[PDB]
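Novice: Structural data only, the sequence is not supplied:
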Ligand SMILES: Cc1ccncc1NC(=O)C(C)(C)c1cccc(Cl)c1
Ligand SMILES: Cc1ccncc1NC(=O)C(C)(C)c1cccc(Cl)c1
């Protein structure tokens, strides 16, 4: 039936996007109830970004200096405060389009959808993973700051990411909705290199199970391995070490396909050592790691 | 700044999805104004699908036999008609969430977003291309029929695809919103093999330009080629022949990067003849063909 890098339907999040302007700077904000959330660097000019004292910069700003526009209507700002790297603008009107929501701080290796926005307007939606080094490989241009990452469960949106910065290497860094950066990144125009980015082993295995479920079985072999043997191979190829918690989460996929987790590890071991030999798996020539076991079950079962 | 397989924000389409039930069969419908559009095979049982006479099957059905549910509210059906492979159910209420829309029949090689649905509820959104053989490589399970493909321009949704069938090979076939199938496919449970699927050359070149724009330049070489020389290579590797119309559409990308189209063709020629030698381009180990020149410009400029 096919397997695609699917994002959640973005409707509930589109109705939350606003444009926030402070002085010369314009970026995106997230309007939930009577609060607009946005990156605190909205108060900076490019000149301030080298070494900004956000507390001192925010002191020269009043409620009337933050211009919030939802589509074509202007929101009245009645309060402002800084929480970590985000500003919280209290407005006099609750967003009538506020969905049921939560703020969650996701773990590395977990996935989420991103609704890229510019001037408070959505341009597109794509599926991302929080890398083990706490960066995301997204698609963001200047003006995209404040665009959010999220997951959906039935009718509840769990916001997990707010975009803040592009690193000199082209990868992206941002915060949870409490303004805490994922990783060691600071909201300063300083050289900040992302550490070693490893491959999310449990996600590659989940995607290998998805491949078997959809007919791609050429990589299955007559071998097995042990967690310690597999992890010697995973270390050599900069793969996250596989644990019993990882084996446990792959249980439903192992149950559906009848392929024991350690047997799937032996297929992955041989793919790591030998490569794909010019072949593909689910339309890909590399081992895909941005699908969790939960994503595979969801897509393969039709959860709406 | 990064490059992702981005889909359009799906909000405007989510507000159009309904569940349509006829007898034992449940599938998705598209509610625009006072009309619900859905695949005509909603009137079939699996037994009928072998060789259905849709005209005779529809004769045994009245307005009250089509149950249309939008979320939790029931729509009253006051008319029904068959247009090609789609049924048009006239309801007594115009969808208050109907966006500005058009029905368009796209060309092969063009891209579009798909909002996969089950029981009238959205599960996810992904970007697709209409293959040169008029199939799409999507992700659809039973119950997904009636899910639509679309493009957005400012505030106007151009619906181009409605999902109808999974071929025995795992690829997907469907219609435009007038019920005309893309390709030679019929809505019958018969062996229908998709013809030879070629690579969309103009899209690969557009994606090569996107790679250069984002720093991936290892594949650039000191060579050039001619359209006739390049097309001898394209035929050998089952690539669509490149034409002057294709060169013309790549003009803005050639203007921005300063790399002449025929010089980019020579890079592609060498990638075809030599492979990637274990390297990647925009996180991919194969030549990507599901991004049009328009998609690359849009994503690289921040069009919302
Ligand atoms: C230009 C761009 C592109 C994609 N995402 C983001 C950006 N923007 C940035 O990175 C800027 C605004 C310049 C920045 C600089 C230093 C620290 C922080 Cl928090 C932010
Ligand atoms: C099961 C499924 C999965 C993904 N997309 C679609 C389907 N469904 C089908 O293909 C069915 C309904 C069985 C079918 C059969 C023959 C012709 C037509 Cl038009 C449709």
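Specialist: Alright, I've got the coordinates. Residues are numbered from 1 along each chain as shown, chains lettered A, B, ... in the order given. Ligands and ions are numbered 1, 2, ... in the order given.
Novice: count of neighbours near residue A:85?
Specialist: 22 (other C-beta atoms under 10 Å in any protein chain shown). All C-beta spots, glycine's among them, are computed from the backbone N, C-alpha and C.
Novice: Quick check, the residue in the stretch 201-304 of chain A closest to ligand 1?
Specialist: Evaluated by C-beta to the nearest ligand atom, the stretch 201-304 of chain A has residue A:290 as its residue closest to ligand 1, separated by 19.3 Å.
Novice: That residue touches residue A:203, doesn't it?
Specialist: Yes. Here residue A:290 reaches residue A:203: they are 6.5 Å apart, a contact under C-beta atoms under 8 Å.
Novice: so what's in contact with those two at the same time?
Specialist: A:111, A:129 (C-beta atoms under 8 Å, 6 or more residues apart in numbering or on different chains).
Novice: Between these two, which is the more surrounded one?
Specialist: In this view residue A:290 and residue A:203 are compared by other C-beta under 10 Å, and residue A:203 has more residues nearby, 24 against 20.
Novice: does the more buried one belong to a helix or a strand, and which?
Specialist: helix A:201-213 (DSSP states H and E).
Novice: how near is the residue of the stretch 201-304 of chain A closest to ligand 1 to residue A:167?
Specialist: Separation of residue A:290 from residue A:167 (C-beta to C-beta, to the nearest Å): 19 Å.
Novice: go on, residue A:13?
Specialist: 25 Å.
Novice: Look at those two and report which has more neighbours.
Specialist: More neighbours surround residue A:13 than the other of residue A:13 and residue A:167, with 28 against 14 (other C-beta under 10 Å).
Novice: near ligand 1, anything from the lengthiest strand in chain A?
Specialist: Determined from DSSP state E, the single longest strand within chain A is strand A:156-166. Yes. Using C-beta under 6 Å from any ligand atom, strand A:156-166 reaches ligand 1 at A:164, A:165, A:166.
Novice: Of those residues, which is the most crowded?
Specialist: Highest neighbour count within those, by other C-beta under 10 Å: residue A:164, with 27 neighbours.
Novice: give the contact list for that residue.
Specialist: Counting by C-beta under 8 Å, 6+ apart, residue A:164 has contacts A:39, A:41, A:85, A:145, A:173, A:174, A:175, A:181, A:185, A:187.
Novice: Count residues in the vicinity of the closest residue to the second one other than its chain neighbours, would you?
Specialist: It refers to residue A:41. Nearest residue to residue A:41 in three dimensions, chain neighbours excluded: residue A:187, at 5.3 Å (C-beta to C-beta, 6 or more residues apart in numbering or on different chains). Neighbourhood size, residue A:187 [other C-beta under 10 Å]: 23.
Novice: how far does stretch A:71-89 sit from the chain's center?
Specialist: 23 Å (C-alpha atoms, centre = their mean, to the nearest Å).
Novice: Any buried residues in it, and which?
Specialist: A:75, A:77, A:80, A:85, A:86, A:87, A:88, A:89 (16 or more other C-beta atoms under 10 Å in any protein chain shown).
Novice: Quick check: the two most widely separated of those residues?
Specialist: Longest distance between any two of those is 21.7 Å, between A:75 and A:85; criterion C-beta to C-beta.
Novice: which residues of chain A fall in helices?
Specialist: For chain A, helices defined by DSSP state H occupy the ranges A:11-14, A:54-59, A:201-213, A:227-236, A:244-249, A:251-257, A:261-274, A:293-301.
Novice: To residue A:121, which of these lies closest?
Specialist: helix A:11-14 (9.0 Å).
Novice: so how far is chain B from residue A:23?
Specialist: Distance of residue A:23 to chain B, computed by C-beta to the nearest C-beta, to the nearest Å: 21 Å.
Novice: before we move on, what about residue A:17?
Specialist: 9 Å.
Novice: Surely residue A:104 and residue A:156 touch.
Specialist: No. Between residue A:104 and residue A:156 there is no contact, the gap being 10.3 Å when judged by C-beta under 8 Å.
Novice: Surely residue A:226 and residue A:263 touch.
Specialist: No. In this structure, residue A:226 is not within contact of residue A:263 by C-beta under 8 Å, at 11.4 Å.
Novice: if you count what's nearby, which of the two comes out ahead?
Specialist: residue A:263 (17 against 11).
Novice: Nearest spatial neighbour of that one, chain-adjacent residues omitted?
Specialist: residue A:224 (5.1 Å).
Novice: Give the full set of residues in contact with that neighbour.
Specialist: Contacts for residue A:224 (C-beta under 8 Å, 6+ apart) come out as A:260, A:262, A:263, A:265, A:266.
Novice: For residue A:209, see how far away the closest residue to the first one other than its chain neighbours is.
Specialist: Pointing back at residue A:260 there. For residue A:260, ignoring the flanking residues on the chain, the nearest one in space by C-beta to C-beta, 6+ apart is residue A:254 at 6.0 Å. The gap separating residue A:254 from residue A:209 is 7 Å, by C-beta to C-beta.
Novice: circling back to that earlier point, out of the buried residues of stretch A:71-89, which one sits closest to residue A:242?
Specialist: Looking across the buried residues of stretch A:71-89 and measuring by C-beta to C-beta, the closest to residue A:242 is residue A:85, at 33.5 Å.
Novice: what about residue A:105, how many neighbours?
Specialist: Neighbour tally, residue A:105, other C-beta under 10 Å: 13.
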